Each structure stands twice: as structure tokens, then as C-alpha cells.
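Just the one chain here, the form deposited in one PDB entry, laid out as C-alpha cells.
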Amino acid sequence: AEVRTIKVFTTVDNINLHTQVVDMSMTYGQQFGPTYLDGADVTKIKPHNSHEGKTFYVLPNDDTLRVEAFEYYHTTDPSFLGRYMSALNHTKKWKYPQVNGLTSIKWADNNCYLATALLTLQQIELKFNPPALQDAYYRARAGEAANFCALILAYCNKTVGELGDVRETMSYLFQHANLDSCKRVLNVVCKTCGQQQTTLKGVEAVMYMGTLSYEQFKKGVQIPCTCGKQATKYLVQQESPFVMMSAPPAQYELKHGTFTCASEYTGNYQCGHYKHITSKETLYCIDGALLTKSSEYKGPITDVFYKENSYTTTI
């Protein structure tokens, strides 16, 4: 005939908390659809006295929740919260040790790519546009990176345990970063075809694929031209607080004081292991929870990050 109730809050953003009177004879699922209590799926659980006043995540299935989700995450996909909460149930059980002053991740579920990306973000000037990434990145820097890692996986449409790529991950994250004032001018000189200047803005201005060396990029890299000859491409001008230089993994020497940090990738095309190298008073190799130092480093490098502000060529 009737039922005892308690009050809970529902949310999509953990900023707007919506009061609900819940029926203790029904599951959360029967009342809200998919329901989460800090990452755990409580869809098939009934309300208990200890739930009173707690905050539960639900999917944005009305105009109020869609707008709160859009404003906080910058996403229009209602399955986003599903992917976030699913990932969060795993990432909350990972460990985030401080290693050489940075939040790292102890190895689990092929998360070596996320560890190296997390370590990279803490050493380059990058501000996120979605309030969700601002809030979770701040917590990650203080050593609580579970929410941040879960958000990265949701934004990249990757599940816990999927193999990942640092370059691919940084590329998705950069789309959600404020890079509008980033600018790159390239010149391409071909003996036959002549000169062509190109101006790039945003992500295209901070990422390059084909050489690991910022110095080589400034001096000139050879690339095929449509005449069938090789042309030379060189960086004329750079306005950005960092650049990311990427290439297929190859044996490469990293020299102390000449870069910020780098990603090493050992193994093969379809599986392998990432490590992070950082240039401090010496070269530190961070491998999840593990730390080794050396004055020199040679290894298979895929990505090198360099600090920048303003560069103009003298060529």
C-alpha cells in the first residue's frame, strides 16, 4: 500500500545536488535508471538508512541534467557519465604515489600511457576548458588522480585495461585545453616549386609528427614534395608555452637540460610498455611507482616535450 522513504541527492556534476524522495521498496534502477555511489553501480541496490543525504550520480535524462552535464564536462553524449563512472570504479582503487615531486600511477590495467600523460601534464603549462578537467586535474596534482584518470578514459572513449597511446591521449586532451593563442609559422622550400609559408593555430601549432628534435625542426627537416624531390620544412615562428614533438618509436638519446620530459615506448606495434623521462638536476626515468636516475639516457622515444614562450628564426 505505502512505503518508508529517505531523501538523497542526484547529480551529474557534483555541484548541483537535486533532492529526491526515494521508495525503499524499489531499487535505484527502478526509480532513476543507472545510478552510481562514488563509482559503484547501485542500480540493483535498494535505498538503506545509511544512504540518507548522500550524493548519487545519474544519467542526464532531462533538460536540467543535460545543461548541467554540458556546462561541467563540455559533452552532449548521455553515455559520457556511464563511461566516467565505470572507469572511476577502477581508477579509485589504483595508487597515486608521489615520485620525484609528481603524482604518478602504480602500474595496473595497462595504465602506463595514463601515468606518462599525467606526469607530462604536471610539467607543461596547459589550462583545461571543461570545469570537470579543471577540478579533477587540481585534485590529481595534490595526489588524488582517480577522477582525472576516469575522465581521461571517458573523454578518449577508452575502458580500463584497453592499451593506449600517449600521443593519441594528449591529442584528445589538447582539444579540451585553451590553446587558441598558440601559433606556428612554417616555411617549406623546394628547389623546383619554390617557397610556401603556412600558419597553424591551436593543437596543429603545438604538435608535430616526424621528428623528436625541436632543434632539427628549427634547422630544417626533409619531406617529400609533390614534384617527387625532397623539400625542406623549418619552423619560422612559435608562440606557445610548450611544443610536443612525436615520431614512430626509435632508439634516441635524450640530453639533460635540452628538453622538459619524454615518453619511451618499448615493445611492438600492438602491445608494449611506456615509461616517462624528465630533465631535472639529472635524468629521472619514472615507470609508474618506480624511479631510476642517470646522467645519460638512450631508449625508444615516441614523444618529447620542450618549454617555449616566443621563438623567431634567424634563417
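Start at 1 and count along the sequence shown; that's the residue number. If you superpose the two forms and keep the largest set of C-alpha atoms that fall within 1.5 Å, you have the rigid core.
After superposing on the rigid core, the larger RMS C-alpha deviation in 4 other deposited structures of this protein belongs to 219 to 227, the other candidate being whichever of 219 to 227 and 96 to 104 remains. In 4 other deposited structures of this protein, superposed by the rigid core, the C-alpha atoms of 228 to 236 lie farther from the shown form than the other of 228 to 236 and 120 to 128. Of the two stretches examined, 51 to 59 and 250 to 258, the record assigns the greater average C-alpha temperature factor to 250 to 258. Comparing 189 to 197 with 240 to 248, the higher mean C-alpha B-factor in the PDB entry belongs to 189 to 197. Taking the deposited Cα B-factors for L133, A150, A231, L114, the highest one is held by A231. Remark: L291 belongs to the highest third of its chain, ranked by C-alpha B-factor as recorded. When the modelled residues of the chain are ordered by C-alpha B-factor, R66 sits in the lowest third. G82: CA B factor lies in the middle third for its chain, per the PDB record. Among the modelled residues of its chain, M207 has a C-alpha B-factor that falls in the middle third, as given in the PDB entry. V221: CA B factor lies in the highest third for its chain, per the PDB record.
Quick note: we don't show the form solved in complex with a small molecule, though the next part is all about it.
The small molecule is not shown here, and in the entry with it bound it never comes within 4.5 Å of any heavy atom of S181. Residue contact with the small molecule in the entry with it bound: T75 places a heavy atom within 4.5 Å of it. Interface membership of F217, defined by any non-hydrogen atom within 4.5 Å of the small molecule in the entry with it bound, is ruled out. The small molecule is not drawn, but in the entry with it bound it has no heavy atom within 4.5 Å of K280.
For the options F242, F148, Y96, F80, the residue carrying a heavy atom within 4.5 angstroms of the small molecule in the entry with it bound is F80.
Contact annotation: of the candidates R66, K46, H51, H256, the single residue with a non-hydrogen atom within 4.5 angstroms of the small molecule in the entry with it bound is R66.
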